[PDB]
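>>> Sequence, then structure. It's an experimental one.
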Amino acid sequence: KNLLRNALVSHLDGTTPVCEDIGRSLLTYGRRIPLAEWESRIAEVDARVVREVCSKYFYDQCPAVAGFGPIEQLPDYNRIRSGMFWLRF
Amino acid sequence: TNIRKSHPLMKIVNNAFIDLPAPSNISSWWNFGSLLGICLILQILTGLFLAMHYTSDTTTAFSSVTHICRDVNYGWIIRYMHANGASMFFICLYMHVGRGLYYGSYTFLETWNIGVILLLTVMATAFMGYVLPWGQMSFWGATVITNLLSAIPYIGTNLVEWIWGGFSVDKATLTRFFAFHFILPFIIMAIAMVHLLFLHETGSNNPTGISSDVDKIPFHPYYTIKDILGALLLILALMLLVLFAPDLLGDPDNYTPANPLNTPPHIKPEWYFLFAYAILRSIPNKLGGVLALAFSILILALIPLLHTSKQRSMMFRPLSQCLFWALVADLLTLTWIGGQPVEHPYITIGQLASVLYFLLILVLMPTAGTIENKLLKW
Amino acid sequence: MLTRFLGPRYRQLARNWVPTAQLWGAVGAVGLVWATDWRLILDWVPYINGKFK
Amino acid sequence: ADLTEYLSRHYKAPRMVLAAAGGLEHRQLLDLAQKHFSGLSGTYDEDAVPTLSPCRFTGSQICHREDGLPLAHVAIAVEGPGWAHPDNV
Amino acid sequence: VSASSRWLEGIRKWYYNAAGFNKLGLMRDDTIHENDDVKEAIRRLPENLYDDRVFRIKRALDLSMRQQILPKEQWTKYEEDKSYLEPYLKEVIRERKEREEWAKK
Amino acid sequence: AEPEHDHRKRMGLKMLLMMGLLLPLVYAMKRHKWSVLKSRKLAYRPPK
Amino acid sequence: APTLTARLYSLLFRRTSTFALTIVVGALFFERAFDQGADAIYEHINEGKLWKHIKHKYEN
Ligand code: HEM
Ligand code: HEM
Ligand SMILES: CCCCCC[C@H]1C(=O)O[C@H](C)[C@H](NC(=O)c2cccc(NC=O)c2O)C(=O)O[C@@H](C)[C@@H]1OC(=O)C(C)C
């Protein structure tokens, strides 16, 4: 959470980065999300939210893999797929 | 770090059937290696449960087996799975060696050779196996065969009586065979691992004989599940026998105890030695017959020295492909003759089949190979 | 001297795997039961009474 | 012709956002926007409905083997929710 | 050039089509058994040949697994079958034999 | 001679009936995993 | 209203815990019901049993 707060605040530094956030956000969120609001969103998050949210998107989900280069040892898609769940859990 | 790779034990297991790279290419003819493995353990496993009830001693031998079949809770399925698994162990052994020649696998000298050692040992084992119940076939089967060493010049006599423990088959011979039938499958099991060790040195051959390095897949998923399905099929077959046709492949007269006085004009070793049986007696010679019987199997170790073709698999070799099937059918012939009495048609035809066998493997296939080279401009 | 594992995080790690460790004992009990045809426990299950009238 | 038609198709006011950050006053910006931008959607289109159809995701894999490259790049992903989902945080 | 030379050629074209590798897109040389000499010649191929050989064999191993073959119009037409490995194989054999010959004196 | 005779065949029925569910299933399982390989697409893209 | 298979996945197949729990719970009931129906099928096609033979000897 702290990393993300740092990132956010740090990223919004100077005319350009800000201007770009305005214009782009208007496109995407319809409005401009005031720093404070992001800070509130981040604060809400804690371990449980992470586990629940991570599981929702990553747990036992099908990956899209892209490879390039000396990839002979890149694991087979089945194998990568199997790595998206744990037999302990 | 992944413990599945650095732990002294798992390494072996990772290398055996998890990370080992295999041809994306192999087909059903490659399953008989797992099947032989399965066979070996299941054989060891039922075999052991029979030993907790079996005996030895010529007096009780037959009695104990029936005891098992009738009295021992479930002793029957165990007994019959053992006896039927034994046949299956030959069907696979046979198929394995088959797959091998066709596809040129024998080019892995050490591996092939260990496999020949694996063949003689399970043969030697299964032989001793059927002497155990002490039936009619068991007694003269144990007699007709063993004797053969009496054809060996100068010392034949000595050895056959040394392996006997007397002057004929009795007391000393049943206990002996039981013990040997017990220790062999363990020794085989070791040899198997060395067989498999040398195999991992090159990885597996494939239907094209080309070289799959350019397209390997992980044993993980792929060949583990294609081995499971496969094993299920082997179970279907083994169970079909045991549960529907228990004595279909079994000589009905190994029932009725022994009797050094009798000998029932018929008598042949278990089906899987018929082709060999046919060869031996298709020769009017004590020395020649047994000499020819030996060559009949020890010729496998000769095959690689007569590879003549510039291609490895027979996948693209019609000429040899024909001589291969002629070999199989001809072996099916020898099996059939072996199963018949030494009389009119049966003699001369089994005599022709023998010559064919040796002439085919020793002259025909090697020539078919060279002609194919010449046809391709190689 | 298992004191290395005494702290807030360990307490959270422990708690996270409570449902798993629980359900994993449910698997083993039922598993032991079903495998040995536990006369005692099974009699209670509605169906599965292959030893009644 | 391919270009101008994409231009007119897509460069329409309700899809543009004049953005700015720094030493300005919002009124001055509005004035300008109204002075130099007035007359872009003096024509709200008949039946040109620039609507984005959702995009299917596919658990799939692309491997461009090339043992001539010194190092391999791999990129693995799972389907994300999208700009507006609160799960992002 | 003979009427019968076309016959030998005809027996050869016949075997070729029978041998069948062409249905898998292979070339005669793509199917040689790999031995030391053959391995060394594989080593001596220029990039493009080597790369093409790899792609071929991959395409076959792939087919072989699906147990399919190529559409007929894409099979390797005998006579369009390039003997790309023979010259190297032949040269590798020559030098081995020179060695073998030197070892006798 | 064969007391086990009837049980033998009773089991034999189950053996057929069991394999009748298993063979197809353990086969559909192997398909799943090999399907990645079976529909895989190759492209060869050499330089120039 | 989703799907049977969907709802089935969420509540029991997702976690390897419940997944395994489901099969041990599902094997117990299967062994019972398959042994009933099976033997029944085995009897229905027979009837020279020792079952229908008993009715005759409840005495001694
Ligand atoms: C104790 C009996 C045997 C066991 C347990 C055994 C086990 C195996 C296994 C697991 C494989 C790899 C899987 C496969 O290719 O099917 C294999 C391959 C092979 N075995 Fe055996 N085998 C036995 C008897 C033989 C025999 C009779 C021969 C030939 C005399 C033999 C020579 C080979 C060869 C050459 C291969 C390589 C096959 C290939 O690469 O395509 N082994 N064996
Ligand atoms: C070391 C594990 C093994 C043990 C403990 C074992 C022990 C026995 C015993 C006590 C018998 C006599 C009971 C009977 O005939 O049913 C027997 C029969 C036999 N077993 Fe084994 N054996 C073992 C491995 C093998 C192997 C590797 C084979 C070869 C496939 C084999 C094939 C036979 C045969 C052919 C018979 C006699 C055939 C028959 O039952 O009619 N067994 N074994
Ligand atoms: C105890 C079980 C764990 C397995 C470890 C031992 C067993 C072992 O080593 O496992 C792997 C699975 C080994 N190879 C294969 O099966 C195998 C190899 C290529 C292809 C296929 N199939 C289809 O293309 C295969 O199936 C194989 O099948 O060898 C057996 C004979 C050996 O078995 C033995 O040693 C005996 C001596 C135990």
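Looks like it came in fine. Residues are numbered from 1 along each chain as shown, chains lettered A, B, ... in the order given. Ligands and ions are numbered 1, 2, ... in the order given.
>>> Please see if stretch E:8-27 touches chain F.
No - Stretch E:8-27 stays clear of chain F (Cβ under 8 Å from any Cβ of the partner chain), getting no nearer than 11.0 Å. In short, each C-beta sits where N, CA and C put it, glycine included.
>>> and chain F, which residues reach chain G?
Within chain F, the residues that sit near chain G (Cβ under 8 Å from any Cβ) are F:10, F:13-14, F:17.
>>> Just the ones of these in helices?
Counting by DSSP state H, the residues of chain F next to chain G place F:10, F:13-14, F:17 in helices.
>>> ok, of these, which come out buried?
For those, a burial check counting by 16 or more other Cβ atoms under 10 Å in any protein chain shown picks out F:10, F:13-14.
>>> Near chain D, which residues of chain B are found?
Checking chain B against chain D by Cβ under 8 Å from any Cβ, there are no hits.
>>> buried residues in stretch B:52-72?
Residues of stretch B:52-72 classed as buried by neighbour count (16+ other Cβ under 10 Å): B:53-56, B:58, B:61-62, B:64-65, B:68-69, B:72.
>>> Show the end-to-end separation of that stretch, please.
Distance between the two ends of stretch B:52-72: 10 Å, counting by Cα to Cα, to the nearest Å.
>>> just stretch B:200-220 next, same as before
Terminal residues of stretch B:200-220 lie 16 Å apart, using Cα to Cα.
>>> Would it count as contacting chain E?
Yes - interface with chain E: stretch B:200-220 contributes B:206-212, B:214-215 (Cβ under 8 Å from any Cβ).
>>> Tell me which residues touch the residue located most distally from the centre of chain A, please.
In terms of distance from the mean C-alpha position of chain A, residue A:72 ranks first, at 28.9 Å (Cα atoms, centre = their mean). Residue A:72 is in contact with D:65, D:67, counting by Cβ atoms under 8 Å, 6 or more residues apart in numbering or on different chains.
>>> So which of the buried residues of stretch B:52-72 belong to strands?
With strands taken from DSSP state E, there is no overlap with those.
>>> Identify the farthest-apart pair in those.
Farthest apart among the buried residues of stretch B:52-72 by Cβ to Cβ are B:58 and B:72. That separation is 20.8 Å.
>>> quick one: residue A:22 from chain D, how far?
4 Å (Cβ to the nearest Cβ, to the nearest Å).
>>> helix/strand/coil for the closest residue to chain E within chain G?
Going by Cβ to the nearest Cβ, chain E is nearest to residue G:5 of chain G, at 29.0 Å. Under the three-state scheme (DSSP: H, G, I helix; E, B strand; the rest coil), residue G:5 adopts helix.
>>> just residue E:78 next, same as before
Residue E:78 is classified as coil under three-state DSSP.
>>> Now do the same contact list for the residue nearest to it when sequence neighbours are not counted.
Nearest non-adjacent residue to residue E:78, counting by Cβ to Cβ, 6 or more residues apart in numbering or on different chains: residue E:16, 4.3 Å away. Applying Cβ under 8 Å, 6+ apart to residue E:16 gives the contacts B:376, E:22, E:28, E:78, E:81.
>>> what secondary structure does residue E:16 sit in?
Taking three-state DSSP, the label given to residue E:16 is helix.
>>> how about the lengthiest helix in chain C, does it reach chain G?
Longest helix in chain C by number of residues (criterion: DSSP H): helix C:18-36. Yes - Helix C:18-36 lies within reach of chain G by Cβ under 8 Å from any Cβ, at C:19-20, C:23-24, C:26-27, C:30-31, C:33-34.
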